[PDB]
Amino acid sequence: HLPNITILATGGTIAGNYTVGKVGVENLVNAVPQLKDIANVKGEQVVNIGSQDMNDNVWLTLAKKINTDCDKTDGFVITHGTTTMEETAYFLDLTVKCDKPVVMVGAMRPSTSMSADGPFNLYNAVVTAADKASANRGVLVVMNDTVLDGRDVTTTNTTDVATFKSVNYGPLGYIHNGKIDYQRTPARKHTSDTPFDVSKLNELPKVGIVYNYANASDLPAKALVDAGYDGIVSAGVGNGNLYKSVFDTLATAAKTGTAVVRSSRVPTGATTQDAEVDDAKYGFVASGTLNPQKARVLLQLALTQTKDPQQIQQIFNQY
């Protein structure tokens, strides 16, 4: 008996003698007949968008579908574009309550290009979803023969088939000849150990990201404050620092109850609480190792529970 694995597709096909149908995920399965060696695969095309256009409603749709269909399968593989996979994967790492593996996969080369990375990445996502040892590690990304945790994983290069890395705390396991040697699991709470429950949510709190650089304008921060955003994530310089005019808009905003999270445009290392910035004085939250797009994911979900900066900081210390 092989395990039953569902593939939920969000866009185009990452692999491509069969008749091509109307349905992307049906073509993908025919493209990779070796999947029959390892799994009973059923595909469902949940949505069809470019990853660059990923959004809150696809996240709510995905988490509810995994949580509803948990008992009907032994594991899930999600096909997803590479551009925002690290954001979906963390959203699902916080909101999926299903105890069986959830594995995200993508591809850096077109399925029709020479040396397409899609086929074998899918094969490896299936292996990983089928492995009993994959369970209870949170939501995973499988890319380039490597199992990565949904919180740490990020894209490091604009084109490399090896771009996906857990830049801070390393990967969970490597995949050789259909076998995984797992040597790590994320300590941070995930999945059924988080308080986040998206089951009845129709929308997510509005959270925007502003960038910090030399001579930064305050107009982007001002624009999000004027629209009454619930929160704002600062892509800070070095250890979460802010240009003067940006600092002063987000300081005012935190005083009117905007949640403000200091992250960093620097690609590795933590933005650490009251180091460079008196977070205590301003009502701000330090993101830790979460990059700006990841700190947005957690801040949205934090604002479903609480508006309190001190409560939001303890969430940023435990998830």
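In case it trips you up, residue 1 is the first one in the sequence shown, and so on.
The mean Cα B-factor in the deposited entry runs higher for 195-203 than for the other of 195-203 and 89-97. In this entry, 18-26 has the higher mean Cα B-factor, the comparison being between 18-26 and 294-302. Looking only at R151, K222, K189, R137, the residue with the top Cα B factor in the deposited structure is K222.
Comparing C-alpha B-factors across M114, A162, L122, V147 in the deposited entry, the largest value falls on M114. In the PDB entry, a CA B factor belonging to the lowest third of its chain's modelled residues is recorded for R265.
Ranked within its chain, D56 lands in the lowest third, by CA B factor from the PDB record. Per-chain ranking of the deposited C-alpha B factor places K36 in the middle third. Ranked by Cα temperature factor within the chain, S234 sits in the middle third according to the deposited record. Split the chain's modelled residues into thirds by C-alpha temperature factor. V46 is in the middle one.
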